[PDB]
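As a starting point, one isolated chain is supplied in structure tokens, in the form deposited in one PDB entry.
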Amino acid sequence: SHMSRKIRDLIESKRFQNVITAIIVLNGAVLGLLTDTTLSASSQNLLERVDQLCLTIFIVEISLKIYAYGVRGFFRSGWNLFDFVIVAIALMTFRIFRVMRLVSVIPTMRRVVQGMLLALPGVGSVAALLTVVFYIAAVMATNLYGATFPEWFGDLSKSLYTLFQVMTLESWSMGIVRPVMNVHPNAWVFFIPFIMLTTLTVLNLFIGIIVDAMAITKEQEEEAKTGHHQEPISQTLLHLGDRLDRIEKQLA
């Protein structure tokens, strides 16, 4: 009650954030050392104890939190939920995903991720268009080339894999298209438009994400620092037409 409020003053301090950070890093360094196959059984045992400890400190932390905010208002944050699952799941195979908590706990990092997630809706149609082009290209490539080139095109899955490699431009010619053209001389009529269209569309997708993500993140950094953001130049002129219509009705 006064307890509830004094704990939150802990939870929300600089020093406590620094301590959870330091433990994420330590847990991460330890999962890193464990990839090393040459370790003694004792070394591995130790490292596995440091990990147990790290996981334990996280349970407390989360408890401190589920308490000092209650079940309703902890689980009202996606980051709390994510922190929750991440930690809880470890009480039941890629443990190293725990290092993602550097993102949930460091606010400037969290704001980068939020900008990117929030940008995803407005490129949904560019992405769907890419999806449709892939699907169509993969069906045609399977029918065209599957019998003569089955490792690359022998079924839909193979085709999609190969076309993704082709869109990334990786050995698309020496490794895929020239060998195809030795058997199907006009295959460039398929592959060259595929490349032009997917590279255009994937860059549209990337640029749209990045331009929006950056604008979102920047507003969030403003709000977090000062409680508000910059009004769009649009509003500034909208509102400049409220105070000019009034200065003209005054001026009569």
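A residue's number is simply how far along the shown sequence it sits, counting from 1. By rigid core we mean the largest C-alpha set that fits within 1.5 Å across both forms. Residues that one form lacks are left out of the comparison.
Form deposited in another entry: not shown, discussed below.
S.K.: Determine, with the core as the superposition reference, the one member of 39, 224, 26, 196 that shifts its CA by 2 Å or more between the shown form and the other one.
M.R.: It is 224.
S.K.: With the core lined up, does the C-alpha of residue 14 move 2 Å or more between the shown form and the other one?
M.R.: Where the cores coincide, residue 14 shows only a C-alpha shift between the shown form and the other one that is less than 2 Å.
S.K.: Do residue 237 and residue 211 move together or apart in that other deposited form, judged by C-alpha distance changing 3 Å or more?
M.R.: Their C-alpha distance shrinks by at least 3 Å in that other deposited form.
S.K.: Given that the distance between the C-alpha atoms of residue 238 and residue 118 changes by 3 Å or more in that other deposited form, do they end up closer or farther than here?
M.R.: Closer: residue 238 and residue 118 approach by 3 Å or more in that other deposited form.
S.K.: Go ahead and list the segments of at least 3 residues in a row whose C-alphas all shift 2 Å or more between the shown form and the other one, with the rigid core as the reference fit.
M.R.: This is the sole shifted run between the shown form and the other one: 219-252.
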